[PDB]
Structures are given as C-alpha cells and as structure tokens.
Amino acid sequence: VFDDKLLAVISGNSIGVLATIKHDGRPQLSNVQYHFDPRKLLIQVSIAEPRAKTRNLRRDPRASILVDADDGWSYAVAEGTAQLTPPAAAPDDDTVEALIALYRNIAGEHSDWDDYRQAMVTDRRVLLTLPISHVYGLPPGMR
C-alpha cells in the first residue's frame, strides 16, 4: 500500500529534516541523524538538552521529519508526537543506556563505552523517540 512506499523511503536513509515548533508557533528546521525501527515504526534520534530544537520539543512535543529517497527529490514525511527521555545525568542511568543502544544501531560498537557514557552526561544528551502516527509525501514513481 502507499504507506509502505513512504516507509521504505524512511527505512532507506539515516538523515532527515526535523521540524519542531518554536515558542511563537513558527517551524524550526534542523537536519538530524536517525535510526528507523521497523518493529515499532519509530524514528530515534540523539539530541542535546540545551539546543533550541530540544527546548521546542519540551514545550510542544509535536514533530515531523522529512526524508529524501535515493533519487534526492522524492520524499516521505513522518508525523508524530515525540517522546523524550530526561537528559543523561549519570554515566550509568537509563538515558545513557538508551543512547548506547542507539549508537549501536547507528554507528556500531563504540571503542570506549566509558568515554561515550561520560560524553552523554557532559552534553546532557536526550533520546528522542518519534512513533510514526502518520506519513505523507511523494515517494519514487510519483515525482
């Protein structure tokens, strides 16, 4: 079905344009690295608490991510309500463990997990989980 075409676009990439909503209601656009989980139809991204986009999501969790197909013109957009973990506070907390799982999914096995753990805490990292509630766009064959 049509949605399968859109999900295939999301599954075939690891970068997308995240749209969050500013205090004044205007959209803010950022490019982000992500991992798509086909099991639960989720898009997971690592963000830092001090960033404007993160502050936007804290006030209004509604988010959208546009992903390009392999032709660089056709695309799919995932719409949903973001679920954020609290920022990493201690090297061994649940947020850090969740970020370790993400790193493995996106980059592979880190060389020094202790260094990674420390960095997540230092940068107040947060795991953004975006369950896809709706998808739209113009997938290959439609452009």
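Residue indices: 1-based, along the sequence shown.
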Requested in this report: Quick one: say whether 56 to 64 or 102 to 110 has the higher mean Cα B-factor in the deposited entry.
Outcome: 102 to 110
Query raised in the report: If you average the Cα B factors in the entry, which is higher, 72 to 80 or 22 to 30?
Result: 22 to 30
Report task. Among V126, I132, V9, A119, single out the one with the highest C-alpha B factor in the record, please. Result -> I132
Report summary line: Here the Cα B-factor of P139, set against its chain, lands in the third termed middle
